[PDB]
Amino acid sequence: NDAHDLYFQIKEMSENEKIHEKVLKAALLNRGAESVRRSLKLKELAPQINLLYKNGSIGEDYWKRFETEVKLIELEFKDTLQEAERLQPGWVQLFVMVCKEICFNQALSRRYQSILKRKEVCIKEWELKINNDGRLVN
Amino acid sequence: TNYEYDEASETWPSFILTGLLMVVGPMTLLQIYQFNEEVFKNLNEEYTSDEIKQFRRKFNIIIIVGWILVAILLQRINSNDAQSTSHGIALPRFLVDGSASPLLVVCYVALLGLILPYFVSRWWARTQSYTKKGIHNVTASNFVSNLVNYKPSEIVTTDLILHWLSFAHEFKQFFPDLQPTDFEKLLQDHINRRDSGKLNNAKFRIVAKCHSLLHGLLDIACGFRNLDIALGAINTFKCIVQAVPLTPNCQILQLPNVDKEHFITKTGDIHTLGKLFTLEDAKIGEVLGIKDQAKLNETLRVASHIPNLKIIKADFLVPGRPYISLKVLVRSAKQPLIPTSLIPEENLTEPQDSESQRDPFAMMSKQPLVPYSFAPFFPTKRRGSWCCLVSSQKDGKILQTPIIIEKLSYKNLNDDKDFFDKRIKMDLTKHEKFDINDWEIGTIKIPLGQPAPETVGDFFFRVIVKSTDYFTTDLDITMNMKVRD
Amino acid sequence: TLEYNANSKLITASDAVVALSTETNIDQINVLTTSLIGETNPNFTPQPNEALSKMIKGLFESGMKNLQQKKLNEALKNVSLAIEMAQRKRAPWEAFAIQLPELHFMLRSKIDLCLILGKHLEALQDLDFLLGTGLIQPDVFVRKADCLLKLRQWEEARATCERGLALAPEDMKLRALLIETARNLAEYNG
Amino acid sequence: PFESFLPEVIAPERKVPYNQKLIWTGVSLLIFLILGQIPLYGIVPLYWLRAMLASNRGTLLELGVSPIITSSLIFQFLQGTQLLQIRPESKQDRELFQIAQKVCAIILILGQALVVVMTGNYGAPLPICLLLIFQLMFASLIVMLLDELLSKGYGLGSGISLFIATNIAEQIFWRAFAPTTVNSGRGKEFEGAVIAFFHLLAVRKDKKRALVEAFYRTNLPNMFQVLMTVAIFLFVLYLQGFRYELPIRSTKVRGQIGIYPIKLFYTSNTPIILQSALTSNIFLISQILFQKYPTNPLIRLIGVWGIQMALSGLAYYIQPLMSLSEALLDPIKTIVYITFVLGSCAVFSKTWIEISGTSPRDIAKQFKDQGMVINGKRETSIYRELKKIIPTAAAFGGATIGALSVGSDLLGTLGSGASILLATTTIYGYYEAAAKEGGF
Amino acid sequence: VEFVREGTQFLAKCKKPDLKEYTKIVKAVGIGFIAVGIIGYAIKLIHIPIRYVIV
Amino acid sequence: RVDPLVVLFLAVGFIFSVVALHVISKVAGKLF
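Going down the list, the protein sequences come from chains E, D, F, A, C and B.
Last residue of the first sequence: number 206 in the entry's author numbering, and the count goes up by one each step with no gaps.
Per the entry's author numbering: the second sequence = residues 3 to 36, 54 to 78, 93 to 115, 202 to 440, 449 to 612.
Last residue of the third sequence: number 192 in the entry's author numbering, and the count goes up by one each step with no gaps.
Per the entry's author numbering: the fourth sequence = residues 12 to 55, 62 to 142, 147 to 328, 336 to 468.
Last residue of the fifth sequence: number 80 in the entry's author numbering, and the count goes up by one each step with no gaps.
Last residue of the sixth sequence: number 82 in the entry's author numbering, and the count goes up by one each step with no gaps.
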């Protein structure tokens with residue numbers, strides 16, 4: 069459940085099949101967006117995890133795994149930024165902002181795209197009989 | 003000093019006799035010194068299937098022997114015939216000097232080296248692995264890892280919660296060969312009231328164990344301040360304990376003997392208990408399609424005994440820690464609506480004493496327990512419950528752990544006041560047998576768990592009290608705090 | 003595995019069965035690549051586009067003009083096409099606080115038009131998305147409660163009306179909606 | 012301030028439930044108790066110090082808890098002199114304080130072990150001596166680890182108190198149900214109380230003949246003393262419930278009504294132990310000086326030893349009463365002993381409640397800091413009211429403890445009032461802590 | 026003579042425990058005390074014959 | 051750093067070693 073190794077796979081395929089130069093930048097922007105999303109999620113979720121841990125209903129080793137992930141994510145982000153600097157000279161002061169925008173933008177995009185499937189679950193669970201034109205025929 | 007053991011067996015009988023007397027006597031003295056009507060305790064065991072019965076069936094002499102030993106030892110004593204100090208011990212001679220000498224020391228080596236550390240380590244591992252709630256740690260880790268990366272886009276249904284439950288670790292120790300897919304399929308065949316074919320003794324086990332797992336999931340979801348998952352958890356618990364799929368008109372399919380192929384096809388407007396009771400006695404049988412009086416009485420007696428709630432008065436209370452108070456009226460699905468104005472207002476008020484002000488929950492702790500539920504397909508026997516959870520109305524998040532109340536007086540349901548019916552419609556409030564002082568009104572106290580905000584204004588709340596065993600009618604109200612200072 | 007197209011420069015997975023996460027990520031990478039192909043500047047700036055906004059507004063106004071003409075059917079198609087184009091041909095790295103409010107404003111008009119026309123489930127789903135994406139106002143709860151009461155769901159209707167009254171208690175329509183819901187529910191049981 | 016890397020037990024990150032704590036306490040107690048009964052390998062005084070230090074000679078536990086207790090007392094003294102000037106605002110300072118405690122305790126263990134092996138009665142003649154030193158070293162190290170384990174949070178409370186209570190209870194049961202026998206002319210007579218009573222009931226079978234002999238037993242423990250000790254145990258348990266409660270209310274956060282209790286045994290453990298230590302040290306130094314010096318004016322005046337007991341001296345008056353006979357013999361000695369022990373216990377309770385930082389002024393300052401106030405009293409009178417209760421309560425508790433000790437020593441129970449009182453106080457503290465916490 | 030008077034006043038102002046809690050107190054304390062003492066006695070006893078056999 | 055079961059294991063091993071040394075030194079004198 070990650071978008072990390074896919075970028076390396078695309079890089080290895082580029083190393084032999086002579087793909088264009090923009091696909092690498094695309095995959096890199098995607099990896100950056102995913103990293104920022106995970107960073108924000110963990111930052112805003114830390115206090116509730118800590119409360120549940122102090123309450124004594126989550127265990128012990130999960131807290132250590134979480135604390136390790138906190139800094140592993142930052143290390144991954146730093147590696148991505150270094151790769152971005154390597155790919156294009158003097159191209160870091162724009163990368164963070166472009167990533168901070170694409171994160172929220174594609175988040176909204178997915179949230180909106182989910183409705184085409186979400187629409188029929190209610191149909192099935194409430195046993196409606198809907199004809200065409202979105203009207204109700206009971 | 004240096005002792006010399008007893009070699010003629012002259013003293014150890016008295017020692018053993020007094021050692022036995024001191025332990026026996028007080029035990030004999032101790033042995034010498036040594054609310055809610057339930058109408059389902061009979062009809063539950065009558066409709067449960069036979070395989071479930073066989074499953075649920077499948078999965093002081095010390096005093097007398099001590100007295101006989103006392104007798105034989107006393108006889109052995111009475112049969113016997115018998202300056203510097205000479206020390207002597209009471210234990211016999213053969214225990215330390217004969218050929219059984221290394222036996223004692225090797226038994227001691229064993230009991231000290233191989234029994235104590237092994238047992239202590241095993242017990243410590245067992246008690247350390249388990250989480251405080253009562254579930255394994257791998258299961259809690261999986262629940263949290265699944266709730267973390269959970270897209271808000273996917274709507275929570277029953278199948279999703281079943282898919283989550285199929286990954287529990289406690290299901291693996293029971294059957295180290297099976298896979299989570301088999302567990303999902305078993306639970307699906309249970310919910311759809313289908314036969315597993317060969318794995319019935321596994322389906323019953325996992326269904327019996329599902330309870331604590333769902334409790335843990337509910338608690339964790341309430342911890343993450345997420346309401347949809349907790350509500351879905353309560354609904355899935357209902358569906359599993361009652362063995363019925365979640366549909367619009369389910370409260371009328373949970374009844375003992377109804378045929379779906381008749382009800383769904385014929386009627387389409389009867390949706391819950393009240394609309395059903397609106398009809399007469401013969402029309403009920405004609406609609407349900409059972410046409411059997413001896414069995415119609417049973418299904419009506421079950422359909423007139425599942426508890427519906429109703430609010431009377433709800434407001435804040437401000438001690439050092449705020450705690451909410453509720454006044455509910457546990458009623459059956461048959462009594463018509465009684466107005467709140469007829470309440471004598473005596474029951475609703477609380478006595479103000481020092482002991483009551485110290486711990487107000489003491490009065491709640493006095494109410495009786497609830498009867499055994501009506502679970503024709505849940506393997507074990509379950510007691511009714513009521514899980515109450517509170518959230519905010521400005522954003523829509525759970526703000527505390529859910530409180531699980533268990534004690535409630537179901538007195539208003541008994542077969543004594545059967546005259547008070549809805550189909551009579553002649554204003555039975557002005558009846559000779561109507562006594563407003565007989566109907567008892569339970570009480571529920573919910574601590575707010577969070578301090579009041581330091582601002583001044585109105586802040587709305589929302590408390591829900593859902594059932595956990597039936598498909599009855601529950602509460603969903605909005606109350607606001609008027610912080611004024 | 004994954005194959006790289008020759009001329010279209012699109013990545014497609016040649017596997018037979020794949021999970022959903024990989025499909026979402028590959029689609030996102032395709033979108034990003036197709037948009038970077040169009041954006042020829044090496045150092046792209048988060049500044050939004052102009053001609054795209056112009057054509058979007060043109061489509062929106064051409065759909066809006068059907069209301070004055072009392073043409074209620076084609077306006078829905080026009081607004082839907084405008085939203086679809088603004089969703090597809092607007093690059094993801096563009097500004098957030100300019101792509102969000104335009105979408106919200108167009109979606110509100112679409113909701114009103116769809117509810118007036120006679121389509122209910124689509125309107126309810128749109129209102130739910132609009133309420134979940136971070137905009138809470140008493141001009142939304144009324145229409146959502148209306149949709150629920152129209153398509154015969156009572157418990158959520160009462161809950162929604164109560165949440166709506168829990169923010170602007172001085173309203174005059176929410177109380178009527180709450181009264182109607184209470185009566186209909188007393189009929190639903192009694 | 013220094014750096015160190017030493018073994019230590021880690022504290023639990025979450026609160027431990029009651030059952031695990033009880034089981035760990037039981038297992039640690041069983042291990043400590045077994046450790047004290049096994050003899051050394053290379054092997055070929063005052064009972065008061067060995068009883069109060071909870072140690073016995075000739076076994077792996079020869080040093081006992083003496084190094085731990087002396088290290089704790091030394092660091093208490095260093096904190097009392099305000100020389101370490103510890104600041105509660107720093108936790109690293111407290112960690113350094115504890116690590117210094119441990120590193121000086123281990124050094125004292127090593128020094129005491131070397132001393133006792135070099136001068137002890139084991140003998141001057147080398148690998149055997151090395152092994153004999155290593156045995157005591159490892160044993161006392163394990164005892165220190167067990168104490169620190171029980172103190173970190175896995176145990177119900179302190180460890181030294183528990184070990185002392187265990188030895189006291191064991192001696193009390195052994196003076197009652199002893200299996201040993203002593204054959205002195207007449208025959209075998211058990212060294213236990215209940216055992217000998219049942220034996221004389223069985224073998225002799227003469228009720229009026231055997232009961233009168235088993236009831237007095239002027240030479241060996243009998244049933245009368247067991248009844249007296251169970252009665253005084255019940256009485257001491259009864260006297261713990263006496264407590265004064267004053268009503269208090271908060272001013273910072275309203276709606277907070279509470280009650281502050283004030284017991285009678287305010288500082289029960291301190292005066293009895295201090296008085297016992299005083300008497301033991303006086304007796305020891307008097308014995309030493311009378312053994313070294315044959316006769317001197319001051320030596321004869323302060324104490325003369327005879328049959336061994338002190339007589340015709342100042343050390344003679346401090347000697348406790350044996351029974352009613354000596355009580356009726358010399359009334360002046362009994363009277364002076366009673367008034368001396370009562371005055372000493374009272375002044376000890378007073379000075380200890382003054383030095384411990386629990387004076388009415390200190391508790392009034394703590395109240396003013398917390399903001400609590402009496403329900404029916406003003407603010408500027410809290411200290412004046414506490415002056416009228418706290419010192420009187422402390423003095424009265426000391427006096428009644430001393431009177432109970434005198435009564436126990438006189439009525440002839442199986443154990444002195446000091447030991448039984450210490451055990452009861454410790455167990456009562458454990459029980460009240462478990463109750464106020466809330467658990468089975 | 027004022028000291029015993031103040032002591033009597035104080036004890037009259039204290040709260041004596043009644044039977045319903047005195048019984049629980051004596052139960053807990055006696056149970057703990059006997060549970061410690063029996064362990065002490067058994068461990069002191071069993072180790073005599075072993076100390077003879079081994080040594 | 052140190053777990054409680056480790057302390058228990060050390061104590062038990064210590065007691066067992068002392069008992070074993072005693073019994074071996076005794077059987078050495080008994081046999082020879």
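Cβ atoms here follow ideal geometry from the backbone N, Cα and C, with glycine treated the same way.
Problem - Local Cβ density within 10 Å of D:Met553, reported as buried at 16 or more and exposed below that - result: Residue 553 of chain D sits at position 426 when you count from the first residue of the second sequence. The residue is exposed, with fewer than 16 neighbouring Cβ atoms inside 10 Å.
Problem - Distance between B:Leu71 and B:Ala78 (C-alpha atoms, nearest Å) - result: For this step, residue 78 of chain B is matched to residue 28 along the sixth sequence. For this step, residue 71 of chain B is matched to residue 21 along the sixth sequence. Computed Cα separation, rounded: 10 Å.
Exercise for the section: Would you mind telling me which residues of chain C sit closer than 8 Å to B:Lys76, beta carbon to beta carbon, in chain order? Expected result: Here residue 76 of chain B is taken as the residue at index 26 of the sixth sequence, counted from 1. Within 8 Å Cβ-Cβ: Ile79, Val80.
Practice task
Report yes if the CB atom of D:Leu281 is closer than 8 Å to the CB atom of D:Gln298, and no otherwise.
Solution key: Along the second sequence, read from residue 1 onward, the residue named residue 281 of chain D stands at position 162. Along the second sequence, read from residue 1 onward, the residue named residue 298 of chain D stands at position 179. No.
Practice task
For D:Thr204, count neighbouring C-beta atoms within 10 Å of its own C-beta (all shown protein chains included) and say buried if the count is 16 or more, exposed if not.
Solution key: Taking the first residue of the second sequence as 1, we reach residue 204 of chain D at position 85. Exposed is the call here.
Exercise for the section: Compare the C-beta of B:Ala70 against all C-beta atoms of chain A and say whether one is closer than 8 Å. Expected result: As a working mapping, residue 70 of chain B is identified with position 20 in the sixth sequence. Taking Cβ atoms only, chain A never reaches closer than 8 Å to B:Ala70, which makes this a no.
Problem - Beta-carbon contacts of D:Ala321 that lie in its chain and below 7 Å, excluding the five residues immediately before and after - result: Here residue 321 of chain D refers to the residue found at position 202 when the second sequence is read from its first residue. Cβ neighbours of D:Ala321 beyond the five flanking positions: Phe294, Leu305.
Problem - Interface residues of chain A facing C:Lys45 [CB-CB closer than 7 Å] - result: In the fifth sequence, counting from the first residue as 1, residue 45 of chain C sits at position 20. By Cβ distance, chain A contributes nothing, its closest Cβ being about 12 Å from C:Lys45, past 7 Å.
Problem - Pair within 8 Å by beta-carbon distance, D:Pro578 and B:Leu58 - result: Counting from one through the second sequence, the residue named residue 578 of chain D turns up at place 451. Counting from one through the sixth sequence, the residue named residue 58 of chain B turns up at place 8. Not a contact, by the Cβ cut-off of 8 Å.
Practice task
Answer yes or no: does any C-beta atom of chain D fall closer than 8 Å to that of F:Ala161?
Solution key: Locating residue 161 of chain F in the third sequence gives position 159, counting from the first residue. Yes, F:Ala161 counts as interfacial toward chain D.
Handout entry: Within-8 Å CB hit, D:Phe587 to chain F
Key = Stepping through the second sequence from its first residue, residue 587 of chain D is reached at position 460. Yes - at least one Cβ of chain F is within 8 Å of the one on D:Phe587.
Problem - Contact under 8 Å by Cβ, D:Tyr66 with D:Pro364 - result: Position 47 of the second sequence, counted from the first residue, corresponds to residue 66 of chain D. Position 245 of the second sequence, counted from the first residue, corresponds to residue 364 of chain D. No, the Cβ-Cβ distance between D:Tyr66 and D:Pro364 is not below 8 Å.
Practice task
Starting from the beta carbon of E:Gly158, find every residue of chain A whose beta carbon is closer than 7 Å, and list them in chain order.
Solution key: By one-based count along the first sequence, residue 158 of chain E stands at place 90. In chain order: nothing, as chain A lies at least about 45 Å away.
Exercise for the section: Determine, using beta carbons only, whether F:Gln139 and E:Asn98 come nearer to each other than 8 Å. Expected result: The count along the third sequence starts at 1 and reaches residue 139 of chain F at position 137. The count along the first sequence starts at 1 and reaches residue 98 of chain E at position 30. The answer is no: Cβ separation not under 8 Å.
Handout entry: chain C within 8 Å of B:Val62, Cβ atoms only
Key = Translated into positions along the sixth sequence, residue 62 of chain B becomes position 12. So, not an interface residue.
Handout entry: Three-pair Cβ contact test at 8 Å for the segment 36–47 of chain C versus the segment 57–67 of chain C
Key = no
Exercise for the section: Going by CA-CA distance only, name the one from A:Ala68, A:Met244, A:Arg67, A:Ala199 that's closest to C:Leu70. Expected result: On the fifth sequence, position 45 is the one that residue 70 of chain C refers to. Residue A:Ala199 is the option with its Cα nearest to C:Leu70.
Exercise for the section: Report yes if the CB atom of A:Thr288 is closer than 8 Å to the CB atom of A:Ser384, and no otherwise. Expected result: Position 267 of the fourth sequence holds residue 288 of chain A. Position 356 of the fourth sequence holds residue 384 of chain A. Closer than 8 Å, so yes.
Exercise for the section: Let me know the secondary structure DSSP gives D:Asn607 once reduced to three states. Expected result: Walking along the second sequence from the start, residue 607 of chain D turns up at place 480. In the structure shown, D:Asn607 sits in a strand (DSSP, three-state: E or B).
Practice task
Sort E:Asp70, E:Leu149, E:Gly100 by Cα distance to E:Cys171 and report the nearest one.
Solution key: Position 103 of the first sequence, counting from 1, holds the residue named residue 171 of chain E. Looking at the Cα atoms, E:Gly100 is the closest of the given residues.
Problem - Separation of A:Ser161 from D:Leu23, as counted between CA atoms - result: Translated into the one-based positions of the second sequence, residue 23 of chain D becomes position 21. Translated into the one-based positions of the fourth sequence, residue 161 of chain A becomes position 140. Cα to Cα, the separation comes out at about 40 Å.
Exercise for the section: Could you give the DSSP three-state label for D:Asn261: helix, strand or coil? Expected result: The residue you call residue 261 of chain D lines up with position 142 of the second sequence. It is helical.
Exercise for the section: Determine the burial state of F:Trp95: buried for a count of at least 16 other Cβ atoms within 10 Å of its Cβ, exposed for fewer. Expected result: Counted from its first residue, the third sequence places residue 95 of chain F at position 93. Per the 10 Å Cβ criterion, buried.
Practice task
Spell out whether any CB of chain D is found under 8 Å from the CB atom of A:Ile216.
Solution key: Residue 216 of chain A sits at position 195 when you count from the first residue of the fourth sequence. With 8 Å as the cut-off, A:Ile216 counts as an interface residue toward chain D.
Handout entry: Bridge partners - D:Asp601, DSSP secondary structure assignment
Key = Sequence index remark: in the second sequence, residue 601 of chain D carries index 474 (1-based). DSSP lists no partner for D:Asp601.
Exercise for the section: Determine whether the Cβ of D:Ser594 lies closer than 8 Å to any Cβ atom of chain C. Expected result: By one-based count along the second sequence, residue 594 of chain D stands at place 467. Taking Cβ atoms only, chain C never reaches closer than 8 Å to D:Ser594, which makes this a no.
Practice task
Please say whether A:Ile323 and A:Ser307 have beta carbons closer to each other than 8 Å?
Solution key: Position 286 of the fourth sequence holds residue 307 of chain A. Position 302 of the fourth sequence holds residue 323 of chain A. In this structure, A:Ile323 lies closer than 8 Å to A:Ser307 by Cβ.
Problem - CB contact flag (D:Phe598, D:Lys357, <8 Å) - result: To locate residue 598 of chain D, count along the second sequence from 1; it is residue 471. To locate residue 357 of chain D, count along the second sequence from 1; it is residue 238. In contact: D:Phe598 and D:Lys357 (Cβ atoms closer than 8 Å).
Problem - Ranges of the alpha helix (DSSP H) found wholly within the segment 378–402 of chain A, counting only runs of at least 4 - result: 388–398
Practice task
Could you run through the segment 28–43 of chain A and flag, in chain order, every residue whose CB is less than 8 Å away from some CB of chain B?
Solution key: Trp35, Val38, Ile42
Practice task
Compare the C-beta of B:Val73 with all C-beta atoms of chain A and state if any pair is closer than 8 Å.
Solution key: Position 23 of the sixth sequence, counted from the start, is the residue given in the question as residue 73 of chain B. Cβ-Cβ to chain A under 8 Å: no for B:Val73.
Exercise for the section: Take the Cβ of D:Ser112 as the centre, count every other Cβ of all protein chains shown within 10 Å, and call the residue buried at 16 or more, exposed below. Expected result: What you label residue 112 of chain D is simply residue 79 of the second sequence in a count that begins at 1. Exposed, since its Cβ has fewer than 16 Cβ neighbours within 10 Å.
Handout entry: DSSP state of A:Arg264 mapped onto helix, strand, coil
Key = Looking up residue 264 of chain A in the fourth sequence gives position 243. DSSP places A:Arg264 in strand when its eight states are reduced to three.
Exercise for the section: Report yes or no: is there a C-beta of chain D within less than 8 Å of the C-beta of E:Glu195? Expected result: Counted from its first residue, the first sequence places residue 195 of chain E at position 127. Cβ-Cβ to chain D under 8 Å: yes for E:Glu195.
Exercise for the section: Could you work out which residues of chain D lie near F:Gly192, taking near to mean beta carbons separated by less than 9 Å? Expected result: Locating residue 192 of chain F in the third sequence gives position 190, where the first residue counts as 1. The contacting residues are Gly393, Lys394, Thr397, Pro463, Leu464, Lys549.
Exercise for the section: State yes or no: is the C-beta of D:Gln520 within less than 8 Å of the C-beta of D:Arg589? Expected result: Here the question's residue 520 of chain D lines up with position 393 in the second sequence. Here the question's residue 589 of chain D lines up with position 462 in the second sequence. Yes, Cβ-Cβ distance for D:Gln520 and D:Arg589 is below 8 Å.
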